[PDB]
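Participant: Next up is a structure, given as structure tokens.
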Amino acid sequence: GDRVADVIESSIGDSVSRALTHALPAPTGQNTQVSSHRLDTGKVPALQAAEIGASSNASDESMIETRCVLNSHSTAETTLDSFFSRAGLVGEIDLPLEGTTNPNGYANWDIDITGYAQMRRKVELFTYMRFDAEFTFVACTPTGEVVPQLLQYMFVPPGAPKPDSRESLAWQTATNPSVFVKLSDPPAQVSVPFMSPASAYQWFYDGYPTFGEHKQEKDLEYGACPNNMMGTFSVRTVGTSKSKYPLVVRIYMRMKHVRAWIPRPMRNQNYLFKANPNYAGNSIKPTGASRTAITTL
Amino acid sequence: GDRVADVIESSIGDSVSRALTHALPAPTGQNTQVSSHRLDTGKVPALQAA
Amino acid sequence: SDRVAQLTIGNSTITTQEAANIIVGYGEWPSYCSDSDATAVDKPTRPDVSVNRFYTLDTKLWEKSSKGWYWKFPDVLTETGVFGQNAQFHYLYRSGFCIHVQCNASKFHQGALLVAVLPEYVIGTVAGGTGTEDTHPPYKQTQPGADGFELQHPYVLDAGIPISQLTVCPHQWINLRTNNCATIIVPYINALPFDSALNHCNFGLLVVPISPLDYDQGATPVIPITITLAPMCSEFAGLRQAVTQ
Amino acid sequence: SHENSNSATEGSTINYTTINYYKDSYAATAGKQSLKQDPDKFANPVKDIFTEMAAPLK
Amino acid sequence: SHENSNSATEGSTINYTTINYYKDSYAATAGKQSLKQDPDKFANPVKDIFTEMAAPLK
Amino acid sequence: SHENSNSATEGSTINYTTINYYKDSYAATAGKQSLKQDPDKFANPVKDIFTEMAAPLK
Ligand SMILES: CCO/N=C/c1ccc(OCC[C@@H](C)CCN2CCN(c3ccnc(N)c3)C2=O)cc1
Ligand code: NA
């Protein structure tokens with residue numbers, strides 16, 4: 001029971017986050033209303049105080065004399081799904097015959113889509129994103145030729161044994177999901193759910209994954225969030241003897257059922273590494289084009 | 001006939017010149033009313049902005 | 001009547017006679033974690049007044065050549081007062097913040113600071129200049145504590161992103177001819193209901209001059225910028241011994 | 001279809017119109033999203049809202 | 001089908017009978033068009049219409 | 001579908017929601033199973049059940 005007044009009247013424990021704004025339906029661009037000449041004192045729409053942190057509330061109607069315009073231009077193509085649900089390249093896996101990389105007929109790719117700038121720059125517009133995804137695998141030789149070869153793709157979640165060879169016992173794939181397909185077949189394609197332990201994936205994590213002294217040698221772990229590490233994608237040619245052909249597997253991703261939070265400035269310096277935002281300090285370039293004078297086009 | 005909104009709602013053609021003032025009968029000089037001491041804040045008749 | 005303001009929380013009161021309203025980040029107020037968003041089962045502790053109060057942590061000097069600074073939250077407070085102690089004794093922490101950046105001058109000085117809050121402010125390095133070296137920022141740069149840290153390349157916010165777009169984040173400007181402070185209220189921002197006040201910095205506070213400070217010889221040249229901040233709705237769970245990192 | 005509710009948007013403030021042939025809803029199409037918008041959350045997150053006609057600082 | 005209205009003929013004076021399996025209507029078949037005609041627009045755009053029996057210039 | 005009842009789970013204490021295109025039900029999909037559980041069968045198969053608060057041996 002409670003009796004002292006400050007306890008009865010406190011707000012400690014209020015889980016209802018009060019919201020100063022609410023969404024409205026806006027299937028089309030706003031219309032324009034007729035406006036006429038205004039010659040007033042006291043009324044001043046053109047004057048703002050940008051210091052406040054809000055954007056101007058001035059509209060066409062109050063700055064010039066406007067006609068009526070019934071605007072039926074749609075706002076549909078700028079939704080998150082419209083913008084992101086377009087498959088882009090996010091991974092490439094080589095399975096050469098003669099080589100330095102994966103000459104043993106198998107390969108393990110850590111699921112990380114930050115190795116390609118087009119896709120990466122789009123997702124990094126937001127801090128947190130939650131989505132399902134459709135993955136498509138396009139395979140052929142390095143000339144784009146289609147050969148009669150059978151492949152096996154297997155998803156190895158964190159903790160499952162990563163194959164260490166084309167004949168690894170792990171390919172028995174009794175619980176991991178595997179896909180068997182020919183290069184002659186169309187590109188394999190599957191749906192992937194939102195698998196993070198968190199409520200959303202996050203493209204930026206300003207922190208460390210563990211406790212302790214964060215000395216020089218461990219600084220590569222700054223920004224590492226296991227909540228974003230979904231596992232390994234393993235591929236092999238299905239056989240006990242080496243394949244007769246050199247292969248390449250391109251990985252495409254199409255997000256769907258997207259939600260995103262906290263917009264942020266968009267990358268304006270070339271990307272260097274997957275794991276961080278490092279930029280080349282001797283080549284800091286302006287965000288865009290320049291000119292000779294401010295008084296000349 | 002008219003149909004576009006800006007035409008229907010325009011004031012083009014208003015021949016009634018709006019007047020901010022009107023005349024009053026004033027056959028004699030104005031009278032003077034009794035007044036007393038006023039010691040107020042906010043009220044300032046003596047100050048103008050020519 | 002929007003230029004004047006009083007902020008009272010805990011045993012602390014702030015006044016200002018040249019304010020520019022108040023910004024409530026992403027349009028929502030701080031709140032305690034609900035029973036359905038929560039996952040941890042221990043009953044939390046909500047110290048209230050002893051930790052949700054204003055702490056004045058640091059003062060920087062604004063000079064005609066200053067490049068700008070940043071601080072990390074909740075890092076700036078992990079070693080201060082009762083808030084710091086709870087942050088150290090507990091694994092889980094969550095709270096919001098009321099940030100009040102102060103900077104006053106005279107009607108003859110000029111300059112404008114951009115005060116902004118950027119969630120998950122990951123810092124990058126110049127990569128050995130040539131960009132061929134995968135160097136990483138040291139702990140003192142990612143979590144600078146109360147003293148903050150000075151930006152090396154403000155134009156790209158030391159992270160390869162344009163400061164020109166920083167206004168997409170909750171902000172206010174301190175433009176000397178107009179106001180002498182910025183006030184921003186920030187709710188808890190994360191993909192989890194609670195997290196470590198030690199290993200994770202939810203957002204960074206950036207104070208960057210965009211229009212350089214200027215004044216004529218003879219005017220007071222020492223123009224401080226002071227940082228005061230208050231935790232709001234602080235909650236802690238997962239009790240054990242105190243740990244500093 | 002009596003399927004599982006395993007989509008990334010189950011319990012969203014925007015309803016979708018999708019197609020699916022599997023028992024797991026995340027396998028469904030992207031469909032159409034709801035056209036609601038809230039610019040103010042970013043363009044005008046002020047505590048005390050100020051009118052257009054008025055002087056923002058009075 | 002509750003799809004988008006993105007066909008080149010959305011809001012036409014001739015209704016079509018089409019088939020489609022996608023959320024975008026322009027993906028639909030050509031179908032059948034309405035058999036309305038208006039030759040006069042080209043063959044007889046005169047202000048003051050003249051009868052057949054009469055002498056066109058009187 | 002009026003098929004044969006030849007599934008391994010015909011007459012189970014858990015009902016399934018499956019798809020099938022053949023006259024034999026075992027050809028059907030795995031579908032969804034019922035989410036009933038009975039831990040006690042293994043974790044607490046005691047004759048005379050003892051409360052939490054009490055002392056298990058009195
Ligand atoms: C036969 C079986 O076929 N299986 C296919 C298959 C396909 C995909 C798959 O998992 C896809 C995971 C992606 C949807 C999200 C990847 N994400 C999340 C955020 N993240 C980040 C965040 C921060 N920094 C970095 N560097 C990266 C990142 O890279 C699992 C299995
Ligand atoms: Na953490």
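Each chain of the structure tokens is named A, B, ... in the order shown, its residues numbered from 1; ligands are numbered from 1 in display order.
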For chain B, report every residue with an atom at most 12 Å from chain A (counting only C-alpha atoms), formatted as a ChimeraX atom specification.
Facilitator: /B:3-12
Participant: Keeping only C-alpha atoms, write the selected residues to a file as a PDB file, in the first residue's frame.
Facilitator:
```pdb
ATOM      1  CA  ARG B   3     -15.378  27.902 -63.799  1.00  0.00           C
ATOM      2  CA  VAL B   4     -11.719  28.164 -62.649  1.00  0.00           C
ATOM      3  CA  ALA B   5     -11.599  29.054 -58.979  1.00  0.00           C
ATOM      4  CA  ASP B   6      -9.230  32.057 -59.092  1.00  0.00           C
ATOM      5  CA  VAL B   7     -11.721  33.818 -61.393  1.00  0.00           C
ATOM      6  CA  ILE B   8     -14.779  33.116 -59.229  1.00  0.00           C
ATOM      7  CA  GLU B   9     -12.964  34.340 -56.117  1.00  0.00           C
ATOM      8  CA  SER B  10     -11.206  37.420 -57.498  1.00  0.00           C
ATOM      9  CA  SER B  11     -11.992  41.001 -56.494  1.00  0.00           C
ATOM     10  CA  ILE B  12     -11.233  42.362 -59.992  1.00  0.00           C
TER      11      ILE B  12
END
```
Participant: Which residues come within 8 Å of residue 165 in chain C, counting only C-alpha atoms, excluding same-chain residues fewer than 6 positions away, as a list in words?
Facilitator: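 What passes the distance filter is residues 264, 265 and 266 of chain A.
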Participant: Define the interface residues of chain E facing chain D as those within 10 Å, counting only C-alpha atoms, and report them as a short mmCIF file (atom, residue, chain, number, x, y, z; two decimals) with N, CA and C atoms, in the first residue's frame.
Facilitator:
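part_14.cif, written as the output of this step:
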```cif
data_model
loop_
_atom_site.label_atom_id
_atom_site.label_comp_id
_atom_site.auth_asym_id
_atom_site.auth_seq_id
_atom_site.Cartn_x
_atom_site.Cartn_y
_atom_site.Cartn_z
N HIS E 2 -7.40 -5.92 -55.91
CA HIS E 2 -7.20 -4.57 -55.38
C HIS E 2 -5.77 -4.16 -55.70
N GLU E 3 -5.59 -3.63 -56.91
CA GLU E 3 -4.29 -3.21 -57.42
C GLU E 3 -4.11 -1.69 -57.50
N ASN E 4 -3.03 -1.26 -58.15
CA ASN E 4 -2.72 0.17 -58.34
C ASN E 4 -3.43 0.60 -59.63
N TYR E 22 -0.79 -9.09 -61.57
CA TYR E 22 0.16 -8.27 -60.82
C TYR E 22 -0.52 -7.08 -60.14
N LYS E 23 0.16 -6.47 -59.17
CA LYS E 23 -0.42 -5.34 -58.45
C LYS E 23 -0.44 -4.05 -59.28
#
```
Participant: Can you provide chain D as a compact mmCIF listing (two decimals) with C-alpha atoms, in the first residue's frame, superposed onto chain E by least squares across all C-alpha atoms matched in order?
Facilitator:
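Output file selection_21.txt follows:
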```txt
# COMPACT_ATOMS: atom_id res chain seq x y z
CA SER D 1 -8.13 -7.58 -57.56
CA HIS D 2 -7.20 -4.57 -55.38
CA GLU D 3 -4.29 -3.21 -57.42
CA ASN D 4 -2.72 0.17 -58.34
CA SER D 5 -4.38 2.39 -60.99
CA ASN D 6 -1.32 2.85 -63.22
CA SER D 7 -2.66 2.02 -66.68
CA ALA D 8 -2.33 4.47 -69.58
CA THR D 9 -6.13 4.41 -69.89
CA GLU D 10 -7.22 4.93 -66.28
CA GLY D 11 -10.02 7.50 -66.63
CA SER D 12 -10.88 6.93 -70.30
CA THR D 13 -14.21 7.46 -72.12
CA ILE D 14 -13.99 3.77 -73.11
CA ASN D 15 -14.05 0.89 -70.59
CA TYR D 16 -11.83 -2.18 -71.06
CA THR D 17 -12.20 -5.85 -70.05
CA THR D 18 -8.72 -7.08 -69.06
CA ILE D 19 -6.81 -9.86 -67.28
CA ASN D 20 -3.88 -9.26 -64.87
CA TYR D 21 -1.96 -11.14 -62.14
CA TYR D 22 0.16 -8.27 -60.82
CA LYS D 23 -0.42 -5.34 -58.45
CA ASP D 24 0.26 -2.85 -61.27
CA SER D 25 -2.59 -2.46 -63.81
CA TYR D 26 -0.38 -1.51 -66.74
CA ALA D 27 0.81 -5.13 -66.68
CA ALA D 28 -2.70 -6.13 -67.74
CA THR D 29 -3.73 -7.40 -71.19
CA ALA D 30 -5.04 -5.09 -73.92
CA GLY D 31 -8.49 -6.65 -73.55
CA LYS D 32 -11.40 -5.32 -75.58
CA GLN D 33 -12.00 -1.58 -76.20
CA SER D 34 -15.36 0.18 -76.43
CA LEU D 35 -16.78 0.53 -79.92
CA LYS D 36 -17.75 4.21 -79.81
CA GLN D 37 -16.96 6.45 -82.81
CA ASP D 38 -17.14 10.15 -83.60
CA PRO D 39 -16.46 10.79 -87.30
CA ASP D 40 -17.95 14.29 -87.16
CA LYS D 41 -15.02 15.55 -85.09
CA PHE D 42 -13.03 15.21 -88.34
CA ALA D 43 -15.50 14.85 -91.21
CA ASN D 44 -17.91 17.57 -90.17
CA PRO D 45 -16.48 20.13 -87.72
CA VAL D 46 -18.76 22.95 -88.92
CA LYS D 47 -20.22 25.54 -86.56
CA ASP D 48 -23.65 25.77 -88.26
CA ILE D 49 -24.56 22.22 -89.39
CA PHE D 50 -26.18 21.92 -92.87
CA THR D 51 -28.75 19.23 -93.84
CA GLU D 52 -28.32 16.63 -96.62
CA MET D 53 -31.36 17.63 -98.70
CA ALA D 54 -30.54 21.37 -98.63
CA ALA D 55 -28.05 23.36 -100.66
CA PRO D 56 -24.89 23.70 -98.43
CA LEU D 57 -24.55 27.41 -99.38
CA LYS D 58 -27.77 29.41 -99.18
```
Participant: Enumerate as a VMD selection string the residues within 6 Å of ligand 1, counting only C-alpha atoms and all ligand atoms.
Facilitator: chain A and resid 111 to 114 133 135 153 to 155 177 to 179 201 to 204 228 230 274 to 275
Participant: Can you measure CA of residue 224 in chain A to CA of residue 129 in chain A for me? One decimal in Å is fine.
Facilitator: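 So the two atoms, CA of residue 224 in chain A and CA of residue 129 in chain A, lie 16.6 Å apart.
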Participant: Name the residues of range 89-191 of chain C that fall into helix (DSSP H, G or I) according to DSSP on the backbone, using the chain letters and numbers of this document, as JSON, numbers by chain.
Facilitator: {"C": [89, 139, 140, 141, 142, 145, 146, 147, 154, 155, 156, 163, 164, 165, 166, 167, 168]}
Participant: I need the chosen residues saved as a short mmCIF file (atom, residue, chain, number, x, y, z; two decimals), in the first residue's frame, with N, CA and C atoms.
Facilitator:
```
data_model
loop_
_atom_site.label_atom_id
_atom_site.label_comp_id
_atom_site.auth_asym_id
_atom_site.auth_seq_id
_atom_site.Cartn_x
_atom_site.Cartn_y
_atom_site.Cartn_z
N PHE C 89 26.92 -0.19 -11.02
CA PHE C 89 26.44 -1.35 -10.28
C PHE C 89 25.45 -2.22 -11.04
N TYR C 139 39.88 3.88 -27.73
CA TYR C 139 38.79 4.02 -26.75
C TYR C 139 38.57 5.47 -26.33
N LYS C 140 39.64 6.23 -26.10
CA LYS C 140 39.48 7.62 -25.66
C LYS C 140 38.83 8.51 -26.70
N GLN C 141 38.73 8.04 -27.95
CA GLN C 141 38.10 8.84 -29.00
C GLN C 141 36.62 8.45 -29.20
N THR C 142 36.30 7.17 -28.98
CA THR C 142 34.92 6.70 -29.14
C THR C 142 34.08 7.00 -27.91
N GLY C 145 34.38 10.52 -22.52
CA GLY C 145 33.99 10.95 -21.19
C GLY C 145 33.55 12.41 -21.16
N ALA C 146 33.50 12.98 -19.97
CA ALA C 146 33.05 14.36 -19.81
C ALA C 146 33.79 15.43 -20.60
N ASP C 147 35.08 15.27 -20.84
CA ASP C 147 35.81 16.31 -21.56
C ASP C 147 35.43 16.42 -23.02
N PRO C 154 35.30 18.21 -39.26
CA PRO C 154 33.87 18.46 -39.12
C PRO C 154 33.02 18.32 -40.38
N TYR C 155 33.57 18.67 -41.54
CA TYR C 155 32.79 18.59 -42.77
C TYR C 155 32.20 17.20 -43.03
N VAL C 156 32.88 16.16 -42.56
CA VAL C 156 32.38 14.80 -42.75
C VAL C 156 32.14 14.13 -41.41
N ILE C 163 28.11 17.00 -42.70
CA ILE C 163 27.54 17.74 -41.59
C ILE C 163 26.40 18.62 -42.13
N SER C 164 26.40 18.91 -43.43
CA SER C 164 25.37 19.76 -44.01
C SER C 164 23.98 19.13 -43.90
N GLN C 165 23.93 17.84 -43.61
CA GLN C 165 22.65 17.14 -43.49
C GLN C 165 22.36 16.74 -42.05
N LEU C 166 23.19 17.21 -41.13
CA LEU C 166 23.02 16.86 -39.72
C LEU C 166 21.70 17.37 -39.17
N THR C 167 21.12 18.37 -39.84
CA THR C 167 19.84 18.93 -39.40
C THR C 167 18.67 17.96 -39.54
N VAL C 168 18.92 16.78 -40.08
CA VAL C 168 17.86 15.80 -40.20
C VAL C 168 17.72 15.14 -38.81
#
```
Participant: Got a sec to pull out which chain C residues are within 7 Å of chain A, counting only C-alpha atoms, and send them as a VMD selection string?
Facilitator: chain C and resid 20 to 21 27 to 34 120 to 122 124 to 127 129 to 131 136 138 to 139 159 to 162 165 to 166 168 to 169 171 to 175 191 to 192 199 to 201 245
Participant: Could you save the residues just selected, with N, CA and C atoms, as a short mmCIF file (atom, residue, chain, number, x, y, z; two decimals), in the first residue's frame?
Facilitator:
```
data_model
loop_
_atom_site.label_atom_id
_atom_site.label_comp_id
_atom_site.auth_asym_id
_atom_site.auth_seq_id
_atom_site.Cartn_x
_atom_site.Cartn_y
_atom_site.Cartn_z
N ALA C 20 15.04 29.71 -27.63
CA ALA C 20 14.42 29.60 -28.94
C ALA C 20 13.54 28.36 -28.89
N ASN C 21 12.62 28.33 -27.92
CA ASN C 21 11.71 27.20 -27.76
C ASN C 21 12.48 25.95 -27.36
N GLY C 27 9.73 13.86 -31.94
CA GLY C 27 8.40 14.13 -31.44
C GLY C 27 7.89 13.32 -30.28
N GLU C 28 8.76 12.74 -29.47
CA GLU C 28 8.23 12.00 -28.34
C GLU C 28 9.00 12.15 -27.05
N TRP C 29 8.27 12.14 -25.94
CA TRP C 29 8.86 12.29 -24.63
C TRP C 29 9.40 11.01 -24.05
N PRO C 30 10.37 11.15 -23.16
CA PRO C 30 10.97 9.99 -22.51
C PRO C 30 9.88 9.29 -21.71
N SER C 31 9.98 7.97 -21.60
CA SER C 31 9.02 7.19 -20.83
C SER C 31 9.71 5.93 -20.32
N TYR C 32 9.11 5.30 -19.31
CA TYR C 32 9.68 4.09 -18.74
C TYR C 32 9.32 2.91 -19.63
N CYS C 33 10.10 1.85 -19.57
CA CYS C 33 9.84 0.69 -20.42
C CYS C 33 8.55 -0.04 -20.02
N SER C 34 7.69 -0.29 -21.00
CA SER C 34 6.42 -0.98 -20.72
C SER C 34 6.64 -2.46 -20.45
N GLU C 120 23.61 6.51 -32.39
CA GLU C 120 24.62 5.58 -32.88
C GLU C 120 25.69 6.32 -33.71
N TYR C 121 26.39 7.25 -33.06
CA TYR C 121 27.43 8.04 -33.72
C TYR C 121 28.75 7.31 -33.74
N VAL C 122 28.89 6.44 -34.73
CA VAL C 122 30.10 5.66 -34.92
C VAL C 122 31.16 6.54 -35.54
N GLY C 124 34.85 7.20 -37.37
CA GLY C 124 35.75 6.54 -38.30
C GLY C 124 37.12 7.20 -38.25
N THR C 125 38.12 6.60 -38.90
CA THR C 125 39.46 7.19 -38.93
C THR C 125 39.80 7.55 -40.36
N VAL C 126 40.88 8.29 -40.56
CA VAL C 126 41.28 8.69 -41.91
C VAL C 126 41.98 7.58 -42.68
N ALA C 127 42.09 6.41 -42.07
CA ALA C 127 42.72 5.24 -42.70
C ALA C 127 44.14 5.48 -43.21
N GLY C 129 45.52 8.06 -44.08
CA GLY C 129 45.53 9.09 -45.11
C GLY C 129 45.28 8.58 -46.53
N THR C 130 46.03 7.57 -46.92
CA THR C 130 45.90 6.99 -48.25
C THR C 130 44.66 6.11 -48.37
N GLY C 131 44.14 5.69 -47.22
CA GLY C 131 42.95 4.86 -47.22
C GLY C 131 43.24 3.39 -47.41
N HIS C 136 41.81 2.04 -36.58
CA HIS C 136 40.56 2.18 -35.84
C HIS C 136 40.69 3.20 -34.73
N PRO C 138 40.77 4.86 -31.17
CA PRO C 138 41.07 4.36 -29.82
C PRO C 138 39.90 4.60 -28.86
N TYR C 139 39.88 3.88 -27.73
CA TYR C 139 38.79 4.02 -26.75
C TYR C 139 38.57 5.47 -26.33
N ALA C 159 33.31 10.78 -39.86
CA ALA C 159 32.66 9.49 -40.12
C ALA C 159 32.17 9.34 -41.56
N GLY C 160 32.71 10.16 -42.45
CA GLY C 160 32.35 10.08 -43.85
C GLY C 160 30.95 10.48 -44.26
N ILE C 161 30.32 11.34 -43.45
CA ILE C 161 28.97 11.81 -43.72
C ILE C 161 28.95 13.32 -43.62
N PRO C 162 28.17 13.98 -44.48
CA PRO C 162 28.05 15.44 -44.54
C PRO C 162 27.36 16.14 -43.38
N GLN C 165 23.93 17.84 -43.61
CA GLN C 165 22.65 17.14 -43.49
C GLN C 165 22.36 16.74 -42.05
N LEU C 166 23.19 17.21 -41.13
CA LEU C 166 23.02 16.86 -39.72
C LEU C 166 21.70 17.37 -39.17
N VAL C 168 18.92 16.78 -40.08
CA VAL C 168 17.86 15.80 -40.20
C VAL C 168 17.72 15.14 -38.81
N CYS C 169 18.61 15.51 -37.90
CA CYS C 169 18.57 14.99 -36.54
C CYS C 169 18.07 16.10 -35.63
N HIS C 171 17.79 19.08 -33.59
CA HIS C 171 18.77 20.12 -33.37
C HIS C 171 18.15 21.47 -33.05
N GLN C 172 19.03 22.42 -32.79
CA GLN C 172 18.72 23.83 -32.53
C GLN C 172 20.03 24.52 -32.89
N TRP C 173 19.96 25.81 -33.16
CA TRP C 173 21.16 26.56 -33.46
C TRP C 173 21.30 27.58 -32.36
N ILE C 174 22.52 27.92 -32.00
CA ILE C 174 22.71 28.99 -31.04
C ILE C 174 23.32 30.07 -31.92
N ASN C 175 22.49 31.02 -32.33
CA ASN C 175 22.92 32.13 -33.16
C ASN C 175 22.95 33.32 -32.21
N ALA C 191 17.50 -0.50 -30.22
CA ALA C 191 16.72 -1.59 -30.81
C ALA C 191 16.38 -2.61 -29.72
N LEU C 192 16.79 -2.29 -28.49
CA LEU C 192 16.55 -3.14 -27.33
C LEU C 192 15.95 -2.24 -26.27
N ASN C 199 29.07 -0.23 -22.39
CA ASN C 199 29.52 -0.68 -23.69
C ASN C 199 28.85 0.01 -24.88
N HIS C 200 27.70 0.62 -24.65
CA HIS C 200 26.94 1.25 -25.73
C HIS C 200 26.60 2.71 -25.49
N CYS C 201 26.93 3.54 -26.47
CA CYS C 201 26.62 4.97 -26.44
C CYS C 201 25.46 5.18 -27.42
N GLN C 245 34.12 -0.47 -16.55
CA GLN C 245 34.14 -0.74 -17.98
C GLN C 245 34.18 -2.23 -18.33
#
```
Participant: Mind giving me the straight-line distance from CA of residue 24 in chain A to CA of residue 184 in chain C in Å, one decimal?
Facilitator: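 Going from CA of residue 24 in chain A over to CA of residue 184 in chain C covers 25.3 Å.
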Participant: Just the strand (DSSP E or B) stuff from range 222-283 of chain A, please, per backbone DSSP, written as a VMD selection string.
Facilitator: chain A and resid 232 to 237 247 to 263
Participant: Name all residues at most 10 Å from residue 247 in chain A (count only C-alpha atoms; drop same-chain ones fewer than 4 positions away) and give them as a list in words.
Facilitator: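 My reading of the contact set: residues 93, 94, 95, 96, 97, 105, 139, 140, 141, 142, 143, 144, 145, 146, 147, 149, 183, 237 and 243 of chain A.
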Participant: Okay, now the selection with N, CA and C atoms, as a PDB file, in the first residue's frame?
Facilitator:
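Saved result, out23.pdb, follows:
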```pdb
ATOM      1  N   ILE A  93      30.736 -14.913 -54.896  1.00  0.00           N
ATOM      2  CA  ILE A  93      31.549 -16.030 -54.418  1.00  0.00           C
ATOM      3  C   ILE A  93      32.226 -16.733 -55.589  1.00  0.00           C
ATOM      4  N   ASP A  94      33.554 -16.839 -55.529  1.00  0.00           N
ATOM      5  CA  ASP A  94      34.327 -17.505 -56.581  1.00  0.00           C
ATOM      6  C   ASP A  94      34.728 -18.915 -56.208  1.00  0.00           C
ATOM      7  N   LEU A  95      34.560 -19.814 -57.169  1.00  0.00           N
ATOM      8  CA  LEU A  95      34.924 -21.215 -57.018  1.00  0.00           C
ATOM      9  C   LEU A  95      35.731 -21.595 -58.258  1.00  0.00           C
ATOM     10  N   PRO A  96      36.985 -21.121 -58.329  1.00  0.00           N
ATOM     11  CA  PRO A  96      37.893 -21.384 -59.444  1.00  0.00           C
ATOM     12  C   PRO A  96      38.528 -22.763 -59.320  1.00  0.00           C
ATOM     13  N   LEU A  97      39.165 -23.217 -60.397  1.00  0.00           N
ATOM     14  CA  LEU A  97      39.825 -24.517 -60.429  1.00  0.00           C
ATOM     15  C   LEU A  97      41.261 -24.371 -59.975  1.00  0.00           C
ATOM     16  N   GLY A 105      36.877 -26.397 -54.247  1.00  0.00           N
ATOM     17  CA  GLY A 105      35.495 -26.701 -54.568  1.00  0.00           C
ATOM     18  C   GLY A 105      34.433 -26.328 -53.551  1.00  0.00           C
ATOM     19  N   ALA A 139      24.296 -18.150 -60.934  1.00  0.00           N
ATOM     20  CA  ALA A 139      25.568 -18.835 -61.114  1.00  0.00           C
ATOM     21  C   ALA A 139      25.917 -19.179 -62.556  1.00  0.00           C
ATOM     22  N   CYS A 140      27.199 -19.057 -62.883  1.00  0.00           N
ATOM     23  CA  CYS A 140      27.703 -19.356 -64.221  1.00  0.00           C
ATOM     24  C   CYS A 140      29.223 -19.377 -64.168  1.00  0.00           C
ATOM     25  N   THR A 141      29.862 -19.495 -65.327  1.00  0.00           N
ATOM     26  CA  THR A 141      31.310 -19.497 -65.349  1.00  0.00           C
ATOM     27  C   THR A 141      31.741 -18.050 -65.407  1.00  0.00           C
ATOM     28  N   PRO A 142      33.052 -17.799 -65.333  1.00  0.00           N
ATOM     29  CA  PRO A 142      33.475 -16.396 -65.391  1.00  0.00           C
ATOM     30  C   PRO A 142      33.234 -15.732 -66.745  1.00  0.00           C
ATOM     31  N   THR A 143      32.730 -16.487 -67.731  1.00  0.00           N
ATOM     32  CA  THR A 143      32.423 -15.906 -69.056  1.00  0.00           C
ATOM     33  C   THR A 143      30.917 -15.724 -69.198  1.00  0.00           C
ATOM     34  N   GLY A 144      30.190 -16.189 -68.184  1.00  0.00           N
ATOM     35  CA  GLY A 144      28.745 -16.094 -68.184  1.00  0.00           C
ATOM     36  C   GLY A 144      28.141 -17.293 -68.879  1.00  0.00           C
ATOM     37  N   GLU A 145      28.955 -18.327 -69.058  1.00  0.00           N
ATOM     38  CA  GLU A 145      28.496 -19.538 -69.718  1.00  0.00           C
ATOM     39  C   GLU A 145      27.767 -20.452 -68.728  1.00  0.00           C
ATOM     40  N   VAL A 146      26.759 -21.155 -69.230  1.00  0.00           N
ATOM     41  CA  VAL A 146      25.978 -22.067 -68.404  1.00  0.00           C
ATOM     42  C   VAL A 146      26.495 -23.472 -68.631  1.00  0.00           C
ATOM     43  N   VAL A 147      26.913 -24.129 -67.552  1.00  0.00           N
ATOM     44  CA  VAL A 147      27.444 -25.491 -67.603  1.00  0.00           C
ATOM     45  C   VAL A 147      26.626 -26.451 -66.744  1.00  0.00           C
ATOM     46  N   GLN A 149      26.440 -28.308 -64.114  1.00  0.00           N
ATOM     47  CA  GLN A 149      27.039 -28.545 -62.803  1.00  0.00           C
ATOM     48  C   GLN A 149      26.000 -28.419 -61.687  1.00  0.00           C
ATOM     49  N   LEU A 183      23.286 -25.129 -62.461  1.00  0.00           N
ATOM     50  CA  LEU A 183      23.513 -23.818 -63.062  1.00  0.00           C
ATOM     51  C   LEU A 183      22.597 -23.729 -64.268  1.00  0.00           C
ATOM     52  N   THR A 237      30.496 -27.657 -54.858  1.00  0.00           N
ATOM     53  CA  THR A 237      30.087 -28.394 -56.047  1.00  0.00           C
ATOM     54  C   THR A 237      29.799 -29.768 -55.419  1.00  0.00           C
ATOM     55  N   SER A 243      35.493 -30.241 -59.463  1.00  0.00           N
ATOM     56  CA  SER A 243      34.589 -29.895 -60.537  1.00  0.00           C
ATOM     57  C   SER A 243      35.393 -29.691 -61.814  1.00  0.00           C
TER      58      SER A 243
END
```
Participant: Just the number, please: distance in Å from CA of residue 30 in chain A to CA of residue 76 in chain A, one decimal.
Facilitator: 13.7 Å
